[PDB]
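For reference, the structure is listed below as structure tokens.
Values reported hereafter were calculated over all heavy atoms of this structure, with side chains retained and with hydrogens, waters and symmetry mates removed. Proteins come first, then strands; the chains are lettered A, B, ... in the order of their sequence lines, and each starts at number 1.
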Number of protein chains: 2
Amino acid sequence: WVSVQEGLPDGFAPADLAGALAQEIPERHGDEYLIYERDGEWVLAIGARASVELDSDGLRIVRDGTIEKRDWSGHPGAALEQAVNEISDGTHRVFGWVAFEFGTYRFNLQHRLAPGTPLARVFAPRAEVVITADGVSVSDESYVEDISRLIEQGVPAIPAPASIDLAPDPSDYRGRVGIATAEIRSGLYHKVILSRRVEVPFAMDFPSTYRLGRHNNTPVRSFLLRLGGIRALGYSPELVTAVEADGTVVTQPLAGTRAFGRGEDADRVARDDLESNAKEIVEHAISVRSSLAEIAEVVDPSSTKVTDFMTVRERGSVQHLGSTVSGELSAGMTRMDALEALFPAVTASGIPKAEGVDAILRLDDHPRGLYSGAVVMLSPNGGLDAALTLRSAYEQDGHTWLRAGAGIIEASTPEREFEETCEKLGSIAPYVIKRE
Amino acid sequence: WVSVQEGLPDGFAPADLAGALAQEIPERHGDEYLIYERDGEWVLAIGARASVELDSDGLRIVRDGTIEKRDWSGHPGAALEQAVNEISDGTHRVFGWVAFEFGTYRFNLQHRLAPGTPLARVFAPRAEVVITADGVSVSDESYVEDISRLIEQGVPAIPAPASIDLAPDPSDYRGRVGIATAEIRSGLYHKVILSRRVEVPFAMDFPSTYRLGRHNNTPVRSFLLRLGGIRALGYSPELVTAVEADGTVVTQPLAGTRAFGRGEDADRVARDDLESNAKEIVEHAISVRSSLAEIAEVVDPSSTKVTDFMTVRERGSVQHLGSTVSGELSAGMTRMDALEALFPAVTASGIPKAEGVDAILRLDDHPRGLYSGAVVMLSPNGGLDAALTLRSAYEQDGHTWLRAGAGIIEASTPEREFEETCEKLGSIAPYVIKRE
């Protein structure tokens, strides 16, 4: 590890340097890369020393072009954990994403997946740049040159954002909400989160959008990646799963939403509505109870606890009721068993979760892919950090899109739920920069 | 008859009301019962006013605290018909099941049966509830209060399903495929359908499972029963035999399978594969020819026809090539003659049929029992409706199981046949609910 810089250069917030370094090094050279923000520290992982591709019908481990093909069966977590342990060489951190569809295996719904459905893509980098307020480090000194050059030459001035109309409903979200309420009335499930895509009808500048979006958000994790033919960025409002080295397992159910960022007065009125609204309280408590039932599969029961029970969590364009559920990983359980037990987040799927997931396969645009999955960092010391992929933008196979959803219960009304998606889309839609 | 509701309240699909009523009425009072869904009408038949028990060693009529015993030999259809007419009183419908083993007599294979093998169980109900999308009628007024209350109380929520492991092969299906293909190679026969049981390691909730499965299937008939020491439910993909009041005989051979339910794009690829595949076309064609030869024994030659020839038929987790073969019942022939000629379904046995049935008795777990037999409704106008018993679950004598099979020809591979069984199990296995 080589120290590049003491402190940040004037006019560089860590997010800004991370985003600038993304544009000036990996984007410039065509490298895959991933930026992961966690507790005031940005890691920029550059280039794919090696990578894993887990699909519904196979597994590939790639080392500088050379492809191992493998089969796998049973649970996708066990295959992925093996492949991660292999490419980490016992020493390197591994980064990437896990798709919503990874979660179907738990509920015996993997028969609904098309051949070759992507489940996960992760890589071990050639190099890591680490940015804090305290400074900038790099794992390999051959990068010091380009880092210093972008520092001294200084900060790109982000263009004005573009405009995206959130109002049209091409995918008939309002009508799909109505199908879901009838299914709930029929007794099929209690709750499902359904989403709508918003197609961005132009090409995006991901690094710049990332930087602007981050100035206007307060997320638990943020990320920007180019990996597996996909670009994506996001302001994750909550962890689906963290496993610490000491064995602590964490999940953060956020459920219950009102608008935020409309001034102190409006935000306080919305908050007071949220905290006293019986429907939001009930659905929050139910979510937390479900989280606790899931985590209990992999932690010691005497260890399980809720911290910051049902507290208001501010997330840019929205504020939410949030709780933190935790426990101590049991003997004979792995970090991947933890992730599988909790995936996909109950708060982005539904209740009971098997029928919720079933409903999403039918009533949401498929696949969800990265949306409502996780962006992950896995560490050689047994660590796992998995941010729930929401408040995010995607670019793949010539399409660029936003995606946001809402929790549907029996009493839900199409128009309220559509408006909720609009509030959530306000975490991204305003900060989108054209690729020019 | 007595109308209960002229229009269901919203959040009452017919299958959900039928399943709820089974739980609320016959399951509470230990009654025999059978639900049969046909063309948008569910009939819930409750309580055994009178019964017929057909076994390999004799026939019993059970009613009014008596049993009358009857001897039969050679071919069971005539004794069953005579007995059904007896318990019908010329005015009641009769419901029940016919086991695979019923079909051995036509081929002089009954000597392979265990003495006392059950062949059929049918009953005339004490009461009938008829449910459609447009209302509920009941044959007995003393049911109206119970039915009215449940309707008002509201349909219960479907509980979360359990996990059944489809991967292991304790019956060595892969090995039995190899035995079959070596037998085919040697010239003993052309084709056989071999199956595997999957044991469910818990007591099932049949009414709840019935409901959840129905939401995820599109069958020609569905059923839920507790009769003759057995519980069963299923989503029949085809009729083995129907006889209409006008004398039309119908059979529906489905043969050739690919996955369905994986989104439009994958389903279209799979469809295009199925309809262009020479192996699937030839086997479908051969099945239709066999069906025509069987039906020709009981219908007028100038009346035989094939409708919807080799059309794709969608059945939840799978789609199939199917055809409808029909004719006009001949003078002197009964509905039972028609059933016997067509039983068991060519598409669930093999080619030639005698050799195929014999190969099933040797190379499949025995008895098949209800699997690949029929669930039947017999009407006093001479009607018969026999759904082929596939895509079903079963419970008897402390054991609960699923069962799925595949058509084996000379070139079949164990891996592909095992995967086919998994695809067909995808119809039911994910929706199985534990009885607590």
Quick check: do B:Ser427 and B:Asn216 have side-chain heavy atoms less than 4.5 Å from each other?
no
Got B:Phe107 and B:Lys353 here, is their nearest side-chain heavy-atom distance under 4.5 Å?
yes
Inter-residue atom distance B:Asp397.CG - B:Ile230.CD1, 0.5 Å rounding
8.5 Å
Kindly give the heavy-atom pair with the smallest separation between A:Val240 and A:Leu342, and that separation in Å.
CG2-O, 3.8 Å
Work out which heavy atom in B:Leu109 is nearest to a heavy atom in B:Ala354; give both atom names and the distance.
CD1-O, 3.6 Å
Could you measure the distance from the CG atom of A:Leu339 to the OG1 atom of A:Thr241? Nearest 0.5 Å is fine.
4.5 Å
Ignoring hydrogens and angles, state whether a donor on the side chain of B:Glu238 or B:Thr347 is under 3.5 Å from an acceptor on the partner side chain.
yes
Which atoms form the tightest heavy-atom contact between A:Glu340 and A:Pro76, and what is the distance?
OE2-CD, 3.3 Å
Smallest separation among heavy atoms of A:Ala83 and A:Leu59, with atom names
CB-CD1, 4.2 Å
What verdict does the side-chain contact (heavy atoms from CB on, under 4.5 Å) test give for B:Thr181 and B:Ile408, after you've listed the backbone C-alpha separation in whole Å, the side-chain angles of each residue and the deciding distance to 0.1 Å?
CA-CA 7 Å; B:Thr181 59; B:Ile408 304 165; 3.5 Å; yes
Do B:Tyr173 and B:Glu417 have side chains that approach each other closer than 4.5 Å (heavy atoms only, starting at C-beta)?
yes
Would you say that B:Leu388 contacts B:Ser236 through its side chain, given a criterion of any heavy-atom pair below 4.5 Å between the two side chains?
yes
Got a donor-acceptor contact below 3.5 angstrom from the B:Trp97 side chain to the B:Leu227 backbone?
yes
Between B:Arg121 and B:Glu32 (salt bridge meaning N to carboxylate O under 4.0 Å), is one present in this structure?
no
Should A:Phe100 and A:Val357 be marked as a side-chain contact (heavy atoms from CB on, under 4.5 Å) after you check the CA-CA gap, both sets of side-chain angles, and the distance that decides it?
CA-CA 9 Å; A:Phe100 177 78; A:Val357 171; 4.1 Å; yes
Is there side-chain contact between B:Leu239 and B:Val220, with at least one heavy-atom pair below 4.5 Å?
yes
I'd like to check B:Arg391 versus B:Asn217 (side-chain heavy atoms, cut-off strictly below 4.5 Å). Are they in contact?
no
Using a 4.5 Å cut-off on heavy atoms from C-beta on, say whether the side chain of A:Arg368 contacts that of A:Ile360.
yes
In Å, rounded to the nearest 0.5 Å, how long is the span from CD1 of B:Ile428 to OG1 of B:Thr209?
8.0 Å
How about CZ on B:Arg112, more than 12 heavy atoms from neighbouring residues, nucleotides or ligands closer than 6.0 Å, or not?
yes
As a test of understanding, state which of B:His320, B:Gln319, B:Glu420, B:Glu280 forms a side-chain hydrogen bond (donor to acceptor under 3.5 Å, both in side chains) with B:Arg258.
B:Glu280
A:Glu68 and A:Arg63 ion-paired at < 4.0 Å:
yes
Under 3.5 Å, is there a donor-acceptor pair between the side chain of A:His366 and the main chain of A:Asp364?
yes
Presence of salt bridge, B:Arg271 and B:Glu275, under 4.0 angstrom:
yes
Could you check whether B:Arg313 and B:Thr311, counting side-chain N and O atoms only, form a donor-acceptor pair closer than 3.5 Å?
yes
Is NZ or CZ of B:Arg174 both nearer than 6.0 Å to the six-membered ring centre of B:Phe418 and within 45° of the ring axis?
yes
If every non-hydrogen atom of B:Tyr371 is compared with every non-hydrogen atom of B:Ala404, which pair is closest and at what distance?
OH-C, 3.8 Å
Side chains of B:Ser171 and B:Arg196: any donor to acceptor distance under 3.5 Å?
no
Does some side-chain heavy atom of B:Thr104 sit less than 4.5 Å from a side-chain heavy atom of B:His111?
no
Whether B:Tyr235 side chain and B:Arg214 backbone form a donor-acceptor pair below 3.5 Å
yes
Can you establish whether the number of heavy atoms outside B:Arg435 located under 6.0 Å from its atom CZ is more than 12?
no
Residue pair B:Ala266 / A:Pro115: nearest heavy atoms and the distance that separates them:
CB-CD, 4.2 Å
When rounded to the nearest 0.5 angstrom, what distance separates OG1 in B:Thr421 from CZ in B:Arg197?
14.5 Å
Does the side-chain contact (heavy atoms from CB on, under 4.5 Å) test come out yes or no for B:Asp205 and B:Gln23, once each step is laid out?
CA-CA 9 Å; B:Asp205 173 359; B:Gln23 191 47 65; 4.3 Å; yes
Quick check: does any side chain N or O of B:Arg176 sit under 3.5 Å from a backbone N or O of B:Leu363, one acting as donor and the other as acceptor?
yes
Counting distance only, does the side-chain N/O of B:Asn277 pair as donor-acceptor with the main-chain N or O of B:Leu274 below 3.5 Å?
no
Could you tell me whether a side-chain N or O of B:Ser290 sits under 3.5 Å from a main-chain N or O of B:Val288, the two making a donor and an acceptor?
no
Answer yes or no: is there an ion pair linking A:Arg60 with A:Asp55, defined by an N-O contact shorter than 4.0 Å?
no
Could you grab the distance from atom CG of B:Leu390 to atom NZ of B:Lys424, nearest 0.5 Å is fine?
7.5 Å
Trace of the salt bridge (charged side-chain N to carboxylate O under 4.0 Å, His left out) decision for B:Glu294 with B:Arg106
CA-CA 11 Å; B:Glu294 287 161 3; B:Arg106 146 181 270 251; 5.1 Å; no
Does the pair B:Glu423/B:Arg315 count as a salt bridge with the N-to-O cut at 4.0 Å?
no
What distance separates B:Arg226 CZ from B:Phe206 CZ, expressed to the nearest 0.5 Å?
11.0 Å
Mind checking whether B:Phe343 and B:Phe102 have parallel, tilted or perpendicular rings, split at 30° and 60°?
perpendicular
Give a yes or no answer on whether the side chain of B:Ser323 reaches the backbone of B:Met310 with a donor-acceptor pair at less than 3.5 Å.
yes
Check: residues 185-192 of chain B side-chain donor-acceptor pairs under 3.5 Å, at least two apart:
| unit_1 | atom_1 | unit_2 | atom_2 | d |
| --- | --- | --- | --- | --- |
| B:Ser186 | OG | B:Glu183 | O | 2.7 |
| B:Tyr189 | OH | B:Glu183 | OE1 | 2.6 |
| B:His190 | NE2 | B:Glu283 | OE2 | 2.7 |

Applying side-chain contact (heavy atoms from CB on, under 4.5 Å) to B:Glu355 and B:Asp358, what does each step give before you reach the verdict?
CA-CA 5 Å; B:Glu355 286 76 3; B:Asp358 171 71; 5.6 Å; no
